[PDB]
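Trainee: One structure is given below, represented as C-alpha cells, and several questions about it will come after.
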Amino acid sequence: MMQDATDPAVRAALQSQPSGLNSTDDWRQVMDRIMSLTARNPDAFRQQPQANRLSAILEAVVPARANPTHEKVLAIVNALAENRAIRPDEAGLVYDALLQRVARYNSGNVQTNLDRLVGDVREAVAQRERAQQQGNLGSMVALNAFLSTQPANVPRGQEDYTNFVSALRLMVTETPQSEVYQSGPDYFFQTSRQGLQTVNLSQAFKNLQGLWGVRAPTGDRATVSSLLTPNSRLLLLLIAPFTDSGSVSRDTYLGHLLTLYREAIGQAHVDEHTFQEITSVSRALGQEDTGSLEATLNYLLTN
Amino acid sequence: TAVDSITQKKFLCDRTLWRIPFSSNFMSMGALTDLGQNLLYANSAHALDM
C-alpha cells in the first residue's frame, strides 16, 4: 500500500504547529493524560517534576488561544508548491506577500472564504494528482482536434478504417500516463514513453488514405506496399498492442501487416522470458553470452 | 639553632566565585534546583536579608 501526494495542508501544518502536546487543541488528550486516565501508565503525571506538572494544568484547564493563521496561509502556499502554482524557490515571497495582503485586510469577509478555499485548494492537489496519472485530459481534447481536422469515414477505395477510428481512441483510454497527443507543429503526433523514443506523426498516417484497400499478392512483403513510410510503420506497430481483430487480414496490409505486427510482439515477450534466464545463469556459463541475442536473431531470420 | 614557634596557617583562593546551590539537598542538579521552585519558594513573596 502507498500514499497520495503528502497532504499539502498537512505538510505546512507539520512544519508550523506543535508536535507533542498542544494543550488547547488536544485539550481532552492532555486532560486525559493529567487526570491519570491514560492506559499506558496512569501516574505519568505524578512522577513528573512539580513545575512542568503545573505548566500542564494552567494550559489545559484554562485553554490558551494559539496562533492558527500561519498554518492556514502556509497551507495554501505549500499546496501552491504541490499543485505547482509557484516554484519551490518562490516560498519566501508568496508566503509573506499574501500575509502582507491579509495584514491590510485581516478583517473582511475574505479570510472566512480563505479557510473554505484552504479545503478547496488542498482538494485541488488531490484531484489533479489522480488526474495527472490519467493524462487523458491533455490527450482526448487533442484527439478531438485530430478527428475534426482529418476527414473521417472517407475510404471510397475499400473500407477497413471504421475499425481504426476506435483503435486510436483505445490508445487514449488504455495507457494514459505519458501518452500525450502533442500539437506542437500542425501535424499531430503521439508520444508513448516518458523519454519519447517512438513519437511519429499521425499526419504521416495521411499516406494510408490511398492504401485503405488494395490487392494482396502473396505472403511475402508486397510488390506495392513498399511505399509505407517507417514513420507510418512506427504508428502501426504502436497501435498493435491495442487492436488486432477487425481490419481484414487478407485484403490489404491494414490487417495482414497488423497481424504481422503481433508476430513482432509475439517473438519479443517470448525472447524476454528467454533472455531473463540465460543472463541469470551466468555462474555456470562464465562468459559474455551474446548467443542469447544471436539465438534471438536466429529465431527471427531462419523461419 | 633550635628556636620556638607557633605557626600561622591560611588559605589562598582567587579567581572563582563562592557558589552555593538552592535545594534542601544543597546540590545543583540541572538548572532549576529543588528549592528554586518547590512548595515554599515558588509564587509567594520573600525578602533576603544578610
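Per deposition record, X-ray crystallography, 3.8 Å.
Placed from the backbone N, Cα and C atoms, the Cβ positions cover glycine too.
For A:14-24, the entry in Swiss-Prot reads compositional bias 'Polar residues'. The phosphoserine annotation in Swiss-Prot covers A:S225. What Swiss-Prot records for A:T274 is phosphothreonine. If you look up Swiss-Prot, you'll see A:1-106 marked as region 'Peripentonal hexon-tethering domain'. Here Swiss-Prot flags A:1-24 as region 'Disordered'. Positions annotated as region 'Binding to hexon-linking protein' by Swiss-Prot: A:138-251.
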Trainee: Mind giving me a neighbour count for A:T274 (phosphothreonine)? Other Cβ atoms within 10 Å of its Cβ, every protein chain shown.
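Mentor: Result for A:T274 (phosphothreonine): 15 other Cβ atoms within 10 Å.
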Trainee: What count of other C-beta atoms do you get within 10 angstroms of the C-beta of the residue listed as 'phosphoserine', across all chains shown?
Mentor: 15
Trainee: Roughly how many angstrom lie between the C-alpha atoms of A:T274 (phosphothreonine) and A:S225 (phosphoserine)?
Mentor: 33
Trainee: Helix, strand, coil: count each for the residues of the region 'Disordered' (A:1-24), based on DSSP.
Mentor: 7 helix, 0 strand, 17 coil
Trainee: Tell me, by DSSP, whether the residue listed as 'phosphoserine' is helix, strand or coil?
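Mentor: Where the residue listed as 'phosphoserine' sits, the three-state DSSP reduction gives helix.
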